[PDB]
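Everything below concerns the one structure shown next.
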Amino acid sequence: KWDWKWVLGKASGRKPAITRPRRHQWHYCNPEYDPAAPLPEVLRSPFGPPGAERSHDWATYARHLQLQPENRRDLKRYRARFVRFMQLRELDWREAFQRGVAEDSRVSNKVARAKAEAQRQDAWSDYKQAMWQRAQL
Amino acid sequence: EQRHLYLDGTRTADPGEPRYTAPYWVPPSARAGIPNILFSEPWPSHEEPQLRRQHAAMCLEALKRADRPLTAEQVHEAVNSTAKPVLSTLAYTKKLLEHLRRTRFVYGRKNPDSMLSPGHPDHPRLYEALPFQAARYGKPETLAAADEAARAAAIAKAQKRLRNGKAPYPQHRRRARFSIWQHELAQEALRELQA
Amino acid sequence: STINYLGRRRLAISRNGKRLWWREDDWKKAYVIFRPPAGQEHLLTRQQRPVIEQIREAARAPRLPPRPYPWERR
Amino acid sequence: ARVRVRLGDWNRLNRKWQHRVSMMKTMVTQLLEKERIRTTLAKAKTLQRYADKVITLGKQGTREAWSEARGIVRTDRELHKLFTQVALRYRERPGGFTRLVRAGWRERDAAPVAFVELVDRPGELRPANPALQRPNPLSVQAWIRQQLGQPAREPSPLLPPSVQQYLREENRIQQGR
Amino acid sequence: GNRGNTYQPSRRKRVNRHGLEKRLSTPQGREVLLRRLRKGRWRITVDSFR
Amino acid sequence: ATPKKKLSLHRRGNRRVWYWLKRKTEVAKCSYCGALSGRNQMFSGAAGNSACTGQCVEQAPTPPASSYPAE
RNA sequence: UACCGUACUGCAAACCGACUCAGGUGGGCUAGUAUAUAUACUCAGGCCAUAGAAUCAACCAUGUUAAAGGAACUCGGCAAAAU
Ligand SMILES: [Mg+2]
Ligand SMILES: [Mg+2]
Ligand SMILES: [Mg+2]
Ligand SMILES: [Mg+2]
Ligand SMILES: [Mg+2]
Ligand SMILES: [Mg+2]
Ligand SMILES: [Mg+2]
Ligand SMILES: [Mg+2]
Ligand SMILES: [Mg+2]
Ligand SMILES: [Mg+2]
Ligand SMILES: [Mg+2]
Ligand SMILES: [Zn+2]
């Protein structure tokens, strides 16, 4: 459903003049955008969970407006705080994705370097034993 | 199977000391015209990490089987006497035991009749081998006393912040740590243990 | 889905150099999503690969080069 | 303002000293990874002196030499090359492991440009000279090197026949422990 | 204090000062507009567009 | 710190003597490709010379060597 | 369940200063050693394009160190040093 080289920033995309989409425009700047596919209930970004779409966030709004009856003093300020929370959560999903991918890549390169050194040492030992063996012969 | 010369001879090489990988022994007056790389490579051999992990595990299991304060001499002899198979020198065993103590896997106590001020590194130490890795390094009674002092200091700072126009504790915004990477990493972990 | 566009600016330099500037008439672009007419619905017409492998391959991919400058030769 | 050229010392290369040492470490790592690099004359001369120091440190082959080169030399793919291929290649060479050929000026700033390459390799531009030159025992030099305390210093294979009678022995193997 | 930057742009203030309606609100603003017409200016006010 | 009069064409020419370049009395010319450079500089194909045909170096045979390629 | 905004930039080479101007420009979010949004190193992320190349001029700017003294300098310990 996503073209991940474009998502990580290493490939060109559909509508290449955008280069920084908002919450909407992720769906249409995707290079793998299929028009025949149905349109999701919430139209989320990547970097968020698969359960983040098909889940209305206004249940949170009504829930914390109902059980706390003193949030009804300034309702417009409350709605502004909720919308600010929504954008902030979309940013925190991106930050968590970036930290997870970086921490994966660190140990992958850290393993591959030791594998390369093991290959180099096991290649040197063969040459050294070859020299001493031909000195024997 | 993991047995290597020291380059001095008359010993075997522990993981972390120079080996001798030349196939035939040559004396140093004789080897004077040969490049030094053709006897010992100057780099670690890429198996000393795994052997060091195995040797530390055997040192812990020997300390675990005998639940007695067990100084470096008998833990070296105890690891050696289970099958010169392992632990060629006391210095390697001391290096392993101090690393295990620094990672809170074992701890140290004074040695009677050879105290030598126990903070002096020449002092022989008694190893107890606590069962789980501790979150902190000190005696748990002293850690509890320090936690009570720190908790009272936290209450005092909060009260002083209340006399001034501030919150008792710093109020921080709650964050979101879940993402697509963590969900997919969970799926990979569940399939990996599932197989 | 409708998008409002400005006209394109046009430059048509004159017999004496003036920089005559024009502007096309503003237009609206509509994105119309259609639906299959009657009984013909088969023409929506579209193995697997793990998305963990997709992200791990797209993280070890080489980066896009920085954009060259219009005077720069590469 | 301290005098570096005219009073034999390291070049400044328009840089602070920590930047200067880091740039030389990067260039010596690049010089041994690709055996011929092209740069300005001042960096080329400084690279030639640094290459002689680093190559001799690799020729020692000791654990302290490996530890010192581990900080000096960045790649680690090429730390192996310095201690194995370069050390065996120049095992008997008394310095001068690198040559410099001037190559004109570069387009961006008209700075003089020199080619710096390792000698005695397939793909070098001038034939090397042998590091040693076996002496005639019936010439004046050999007798001067007998009356005065000089060694023979003859050309040698990697393992001479003087170790053959030790390595042939089946009681001097120890089975590999 | 460096000078020269007296023009702080704002669309609300620009339209509210030099727009058509404040020019038409007063008589002398209407003769300002009338002599702009008599001069022959292509742009009558700062907010005119089509 | 300011000229009091206008410099004449003769005085300007006399003052501009430092700006002129000296002619070089030697050149190294490749007989094949007709290239031109200093006698201390390589000017073959490895350096900038799109006209090089390799005839500038007339002999280069070096087949034998033996070493450990580190891989 | 319509209409308008949605590109790009936004401490800045894209705004206000004639400039690719060392100036001015509002609000919000944030990881570790660690402990404060201060301080040193670092995470995520970003950057090392807008003159380059060597070298020992004098001199200028900004600093480091200095033997024995110590305001004797100077309109004035100004400036530095010092706590
Ligand atoms: Mg719209
Ligand atoms: Mg100077
Ligand atoms: Mg520094
Ligand atoms: Mg101010
Ligand atoms: Mg003005
Ligand atoms: Mg600023
Ligand atoms: Mg100005
Ligand atoms: Mg500016
Ligand atoms: Mg830093
Ligand atoms: Mg620059
Ligand atoms: Mg003094
Ligand atoms: Zn030619």
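In the structure tokens, chains take the letters A, B, ... in the order shown, each chain's residues start at 1, and ligands count up from 1 in the order shown.
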Check which residues of range 18-56 of chain C sit at most 12 Å from range 8-14 of chain C using only C-alpha atoms, and return one row each with the closest pair of atoms and their distance in Å to one decimal, ordered by chain and rising number, as CSV.
residue,atom,partner,partner_atom,distance
C:18,CA,C:14,CA,5.8
C:19,CA,C:13,CA,4.7
C:20,CA,C:12,CA,5.4
C:21,CA,C:11,CA,5.0
C:22,CA,C:10,CA,4.8
C:23,CA,C:9,CA,4.7
C:24,CA,C:8,CA,5.4
C:25,CA,C:8,CA,8.2
C:26,CA,C:8,CA,8.6
C:27,CA,C:8,CA,10.2
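All residues, whether protein, DNA or RNA, that have an atom at most 9 Å from ligand 5 (counting only C-alpha atoms (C1' of nucleotides) and all ligand atoms) are residues 4, 5, 6 and 7 of chain E; 17 and 18 of chain G.
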Store the residues picked out above in a file with C-alpha atoms (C1' of nucleotides), as a PDB file, in the first residue's frame.
ATOM      1  CA  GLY E   4      14.800  51.653   6.944  1.00  0.00           C
ATOM      2  CA  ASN E   5      12.261  48.949   7.746  1.00  0.00           C
ATOM      3  CA  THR E   6       9.199  51.090   8.489  1.00  0.00           C
ATOM      4  CA  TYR E   7       7.029  49.033   6.102  1.00  0.00           C
TER       5      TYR E   7
ATOM      6  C1'   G G  17      15.962  46.439   5.550  1.00  0.00           C
ATOM      7  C1'   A G  18      18.146  49.212  -2.538  1.00  0.00           C
TER       8        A G  18
END
Interface, chain F side, toward chain D (9 Å; only C-alpha atoms) as an MDAnalysis selection string: chainID F and resid 37:38 40:44 46:48 60 62:65 67:71
Exercise answer, 12 Å around ligand 9 with only C-alpha atoms (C1' of nucleotides) and all ligand atoms, as an NGL selection string: :G and (40-42)
Contact set, chain A to chain D: 9 Å, only C-alpha atoms, as JSON, numbers by chain: {"A": [116, 117, 120, 121, 124, 131, 132, 135, 136, 137]}
Restrict the selected residues to C-alpha atoms and save them as an mmCIF file, in the first residue's frame.
data_model
loop_
_atom_site.group_PDB
_atom_site.id
_atom_site.type_symbol
_atom_site.label_atom_id
_atom_site.label_comp_id
_atom_site.auth_asym_id
_atom_site.auth_seq_id
_atom_site.Cartn_x
_atom_site.Cartn_y
_atom_site.Cartn_z
ATOM 1 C CA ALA A 116 33.435 -8.923 7.216
ATOM 2 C CA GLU A 117 36.329 -9.033 9.697
ATOM 3 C CA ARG A 120 39.075 -11.314 6.241
ATOM 4 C CA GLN A 121 40.810 -13.154 9.095
ATOM 5 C CA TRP A 124 44.409 -14.482 5.849
ATOM 6 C CA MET A 131 53.004 -20.314 2.839
ATOM 7 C CA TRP A 132 54.166 -22.527 5.708
ATOM 8 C CA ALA A 135 57.828 -24.177 2.894
ATOM 9 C CA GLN A 136 57.299 -27.746 4.151
ATOM 10 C CA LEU A 137 57.079 -29.082 0.584
#
Selection within 12 Å of ligand 6 by only C-alpha atoms (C1' of nucleotides) and all ligand atoms, output as a list in words: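 Selection of residues at most 12 Å from ligand 6: residues 11, 12, 22, 23, 24 and 25 of chain G.
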